[PDB]
Amino acid sequence: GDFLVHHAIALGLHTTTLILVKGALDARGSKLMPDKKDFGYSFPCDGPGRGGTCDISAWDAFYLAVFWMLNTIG
Amino acid sequence: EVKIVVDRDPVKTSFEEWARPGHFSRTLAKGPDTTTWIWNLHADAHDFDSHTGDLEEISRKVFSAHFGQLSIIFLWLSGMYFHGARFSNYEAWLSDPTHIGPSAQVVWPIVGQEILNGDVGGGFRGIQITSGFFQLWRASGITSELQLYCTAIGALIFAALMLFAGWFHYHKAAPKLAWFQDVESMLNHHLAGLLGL
Amino acid sequence: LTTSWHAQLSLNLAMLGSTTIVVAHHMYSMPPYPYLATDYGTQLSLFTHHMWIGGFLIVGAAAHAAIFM
Amino acid sequence: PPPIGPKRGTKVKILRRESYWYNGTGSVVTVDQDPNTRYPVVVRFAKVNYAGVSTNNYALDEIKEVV
Amino acid sequence: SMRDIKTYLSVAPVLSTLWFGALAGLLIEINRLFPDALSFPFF
Amino acid sequence: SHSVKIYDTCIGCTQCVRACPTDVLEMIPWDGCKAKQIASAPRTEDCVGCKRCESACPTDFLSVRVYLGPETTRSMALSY
Amino acid sequence: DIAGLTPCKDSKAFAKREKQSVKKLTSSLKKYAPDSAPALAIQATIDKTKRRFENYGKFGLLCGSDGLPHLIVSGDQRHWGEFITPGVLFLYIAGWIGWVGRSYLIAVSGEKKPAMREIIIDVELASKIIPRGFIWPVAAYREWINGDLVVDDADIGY
Ligand code: CLA
Ligand code: CLA
Ligand code: CLA
Ligand code: CLA
Ligand code: CLA
Ligand SMILES: CCCCCCCCCCCCO[C@H]1O[C@H](CO)[C@@H](O[C@H]2O[C@H](CO)[C@@H](O)[C@H](O)[C@H]2O)[C@H](O)[C@H]1O
Ligand SMILES: CCCCCCCCCCCCO[C@H]1O[C@H](CO)[C@@H](O[C@H]2O[C@H](CO)[C@@H](O)[C@H](O)[C@H]2O)[C@H](O)[C@H]1O
């Protein structure tokens with residue numbers, strides 16, 4: 001049982017790190033939004049064009065990561 | 001006047017369209033550029049109104065699809081009656097309803113799933129049902145498995161009839177727009193012919 | 001009402017959905033089949049099932065009325 | 001006067017950082033000969049971008065000829 | 001036609017259904033022949 | 001009020017001007033493209049920030065850009 | 001033995017669990033006629049249970065204080081049948097599947113509209129490539145040696 005629960009905890013750490021790191025490294029821009037740094041850390045979106053751009057800022061990556069943090073600590 | 005008017009041989013029965021997914025849509029018939037295409041193909045499938053702006057064609061498609069739904073429902077009823085006739089303890093339940101649990105589903109013995117064949121009584125092991133088919137069948141006067149077999153066979157024949165009728169009333173003889181808009185006669189037939197009789 | 005399939009669908013869905021809730025309420029209190037009332041699992045199942053079906057149909061009525069508008 | 005730009009059908013590589021096809025390849029369609037045109041090279045690509053477009057205009061210093 | 005029916009039988013959902021049905025049958029028969037295995041005992 | 005800017009990759013297709021719901025943009029003569037015209041944004045105090053103009057633009061990357069700024073009665077679309 | 005564990009062929013808790021399961025099955029068996037189908041099904045289940053316990057006992061598994069088998073995956077040569085050999089089988093099969101998929105994608109990319117061949121499979125072509133997964137470890141290794149497996153970083157782009 002300890003083996004199984006420890007591998008679950010490892011899953012939590014790796015996924016939370018994925019979310020936060022992707023937020024940090026894509027902050028200045030990506031292929032979908034190559035000029036993101038002009039808009040700042042927190043902004044709502046970039047509109048429904050180009051397929052739709054909900055939750056594209058780095059602030060939103062932090063917002064998503066807090067859920068996984070609560071899951072892991074639980 | 002209220003007259004039965006149709007068009008003969010509207011659509012040719014062919015396998016050409018089955019090999020061209022997205023044929024119904026002028027923007028989907030090109031083929032995929034992204035995965036989104038695939039999802040769109042399933043999302044716009046039964047939206048006849050967006051395929052064309054012609055009311056008569058929409059009505060004909062609606063009629064044929066309703067025939068298809070009736071065929072599927074008949075298949076479902078045939079399955080229920082056959083499983084009641086072949087894999088149930090209905091006959092034993094007829095002699096002790098308060099102490100025996102109804103059951104009409106049994107499982108094969110692999111990977112240990114046969115434990116699901118529980119002790120329901122009457123020398124029978126299986127899964128207990130809650131749909132209430134046993135009470136309905138008892139209220140209809142059914143006392144034998146042969147009668148259930150006959151009902152299942154009849155339902156299979158009716159399902160075949162509904163599917164063929166869908167094919168005929170779409171690809172062979174399709175009613176005109178004036179036929180569908182006779183609401184007075186439709187109300188008369190469905191109030192008196194269907195419900196009353 | 002003679003030129004729009006969506007409006008007809010909206011009205012009919014609303015009526016059928018409400019009727020199903022009526023059926024669920026009436027079948028528990030006046031059990032029509034023999035040996036049904038004392039089969040508690042069947043009674044609970046039938047009531048719950050028809051409640052869910054009626055709710056879904058009523059929601060569909062609003063959807064297709066919006067499509068009409 | 002000599003015609004400017006690569007000839008039609010040439011394969012070119014994209015150097016514009018903010019472009020969808022950055023570091024990819026495309027085919028030259030035509031070149032505008034007006035000296036006032038700022039982005040005269042028309043390039044066509046096999047894959048569409050996020051807006052569903054498959055052609056774009058570029059300047060002479062944003063494309064490299066690949067042999 | 002035979003060409004068209006062979007084309008329709010090659011579409012992705014149909015081929016997936018057939019492939020997974022055959023694989024499921026193979027696995028079920030194997031588990032019926034060598035049941036309740038937790039290890040490889042042959043060598 | 002929001003800020004709207006036009007960059008010199010414009011091909012003068014006029015789609016953004018047709019898409020705007022409060023008449024912010026307009027076309028003016030130019031010599032840098034084959035269409036001999038370019039967009040302009042002289043009335044940004046009436047911009048609501050909807051970004052339909054960005055949805056209409058065909059170039060890659062965009063030639064018209066909208067930066068949301070301080071909010072006013074006109075930019076919040078308040079009728080009361 | 002290893003980690004304070006006990007072989008399952010010498011564990012009292014293991015035998016207790018077997019006896020309890022057999023008794024539970026026999027109690028149900030004693031409700032039906034000897035020649036009825038449910039009785040035969042229960043008897044077959046009992047024989048299967050006894051065979052399972054015997055095979056677990058004589059295949060060299062280890063049992064804990066709870067009386068249940070435990071697996072050893074540290075590399076000890078007395079337990080390779082538990083993880084290492086099935087793992088080799090899993091890797092071989094997975095490599096076959098991946099290799100044939102990659103080869104189909106490479107063979108089909110040369111056409112005018114390759115995407116049309118991804119939603120409609122060319123079975124004639126696929127039936128010539130499927131048997132070649134039989135030697136995927138050799139082909140992949142040789143492809144890696146000659147520099148045909150990987151694309152240079154400079155060439156990657158849409
Ligand atoms: C004899 C066979 C036959 C053939 C060769 C055709 C051929 C054609 N029909 Mg016709 N048709 C037939 C029978 C046939 N039809 C029948 C029996 C009916 C009555 C239901 C109709 C009703 C009908 C309509 C209303 C229309 C056509 C149309 C078409 C065209 C496109 C078909 C297509 O895309 O199919 C490929 C599509 C499918 C295979 C869809 C699946 C259909 C089944 C019945 C659904 C099953 C549901 C499933 C059981 C749900 C559970 C799934 C899972 C969860 C278990 C083509 C000319 C269309 C046309 O001409 O457009 C211009 C059109 O609008 N047909
Ligand atoms: C008294 C005559 C009569 C009867 C019994 C029916 C019966 C039916 N009609 Mg109606 N209909 C009638 C006259 C009649 N209609 C007339 C005169 C018109 C033209 C104004 C229409 C136009 C019409 C349309 C446009 C539609 C229906 C539909 C339906 C079905 C509704 C769903 C239902 O409750 O299924 C209950 C199911 C059963 C009772 C089991 C099926 C029993 C058989 C198949 C009944 C066959 C009835 C039919 C009149 C037989 C004619 C045979 C002859 C032509 C050779 C049902 C089968 C809907 C449907 O689903 O169509 C497929 C539908 O969309 N009808
Ligand atoms: C008689 C009933 C009826 C009919 C004929 C229609 C018909 C239609 N509806 Mg309406 N609708 C109905 C009931 C009905 N509706 C109800 C009850 C609701 C409320 C939930 C709605 C809500 C609704 C919406 C919100 C929309 C429609 C739309 C549509 C159109 C396209 C549907 C389509 O292509 O689906 C294609 C079908 C699928 C892609 C598959 C759906 C599968 C569902 C979501 C899940 C099924 C899960 C299953 C129960 C469990 C499986 C589990 C297992 C696999 C593990 C079509 C005109 C759409 C439209 O554009 O209309 C103009 C649309 O947006 N309908
Ligand atoms: C990652 C999750 C996972 C894992 C690792 C396992 C693992 C296992 N499960 Mg479990 N299971 C899982 C998830 C998992 N399960 C889930 C999610 C469910 C619920 C759906 C179940 C439900 C379940 C049940 C109900 C049962 C198992 C059983 C098993 C065992 C099957 C052994 C077997 O069949 O060997 C034999 C199979 C093979 C050897 C596969 C052979 C494959 C092909 C044919 C090989 C061909 C090779 C070819 C000849 C080339 C080589 C030769 C060369 C010269 C070319 C195994 C210990 C069974 C058991 O006995 O457990 C103790 C069992 O009864 N599982
Ligand atoms: C040809 C098939 C193929 C191959 C060789 C690879 C290879 C790879 N994938 Mg990819 N992948 C595939 C299909 C494939 N993928 C598909 C269909 C999907 C959609 C679900 C994905 C989704 C996916 C994700 C999300 C990720 C990868 C990743 C990876 C890498 C590590 C392995 C892994 O995590 O796999 C895991 C992949 C899966 C479990 C998806 C299922 C793969 C199926 C079974 C492949 C075969 C299906 C195909 C239809 C067969 C066609 C046969 C042909 C003869 C017609 C590796 C480069 C990981 C990565 O980036 O690592 C750096 C990663 O994060 N893949
Ligand atoms: C990345 C870094 C990885 C480091 C991995 C290090 C692994 C070191 C492994 C050393 C193994 C030495 O062997 C160790 O396990 C063997 C079982 O597997 C034991 O062997 C035992 O079982 C054998 C089974 O055939 C018998 O023949 C031996 O008589 C018996 O002693 C050795 O008595 C023990 O000393
Ligand atoms: C226990 C196991 C121990 C194993 C020890 C032996 C390891 C052998 C490693 C061989 C590596 C072969 O591949 C390694 O060299 C290739 C060139 O030869 C490289 O290939 C690269 O250069 C080639 C030209 O030389 C180009 O044609 C390729 O397109 C390019 O990818 C691979 O990108 C690199 O990964």
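We name chains A, B, ... by the order of the sequence lines, and we start the count at 1 in each one. Just follow the structure's listing: the first ligand is 1, and inside any ligand the first atom is 1.
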Given the rule in the side chain to side chain contact (heavy atoms under 4.5 Å, CB included) test, do B:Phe48 and C:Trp5 qualify, once you have shown the distances and angles that lead to the verdict? CA-CA 11 Å; B:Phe48 303 152; C:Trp5 283 99; over 6 Å; no
Taking the minimum heavy-atom distance to [atom], which of [options] ranks first?
atom: atom 33 (C) of ligand 4; options: E:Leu26, E:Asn31, E:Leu23; answer: E:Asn31
atom: atom 17 (C) of ligand 2; options: B:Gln69, B:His169, B:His189; answer: B:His189
atom: atom 23 (C) of ligand 3; options: C:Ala63, B:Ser50, C:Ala66; answer: C:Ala63

For [atom], what is the closest protein heavy atom, and at what distance to 0.1 Å?
atom: atom 57 (C) of ligand 3; result: B:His46 O, 3.8 Å
atom: atom 10 (Mg) of ligand 3; result: C:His64 NE2, 2.2 Å
atom: atom 60 (O) of ligand 3; result: B:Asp47 OD2, 4.2 Å
atom: atom 18 (C) of ligand 3; result: C:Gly60 CA, 3.4 Å

If we set the cut-off at 4.0 Å for heavy atoms, which region of E:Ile30 has an atom near ligand 4: side chain, backbone, both, or neither? side chain
Does only the side chain of G:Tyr92 get under 4.0 Å from ligand 4, or the backbone, or both, or neither? Count heavy atoms.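 Answer for G:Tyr92: side chain.
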Please identify which atoms of ligand 3 are closer than 4.0 Å to at least one heavy atom of [X].
X: C:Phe56; result: 17 (C), 19 (C)
X: B:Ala43; result: 34 (O)
X: C:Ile67; result: 61 (O), 62 (C)
X: B:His42; result: 36 (C), 39 (C)

Using heavy atoms and a 4.0 Å limit, tell me yes or no: is E:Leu27 in contact with ligand 4? no
Within-cutoff protein neighbour (heavy atom, under 4.0 Å) for [atom]:
atom: atom 45 (C) of ligand 4; value: yes
atom: atom 14 (C) of ligand 2; value: yes
atom: atom 2 (C) of ligand 4; value: no
atom: atom 62 (C) of ligand 4; value: yes

Quick check: does B:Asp44 get an N/O under 3.5 Å from an N/O on ligand 3? no
Salt-bridge present ([X], [Y]; N to O < 4.0 Å):
X: B:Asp119; Y: B:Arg125; answer: no
X: G:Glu54; Y: G:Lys50; answer: no
X: G:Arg51; Y: E:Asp36; answer: no

Mind checking whether atom 10 (Mg) of ligand 2 has an N, O or S of B:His190 under 2.8 Å? yes
Geometric N/O contact B:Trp179 with ligand 2, under 3.5 angstrom: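 Among all N and O atoms of B:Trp179, none is under 3.5 Å from an N or O of ligand 2.
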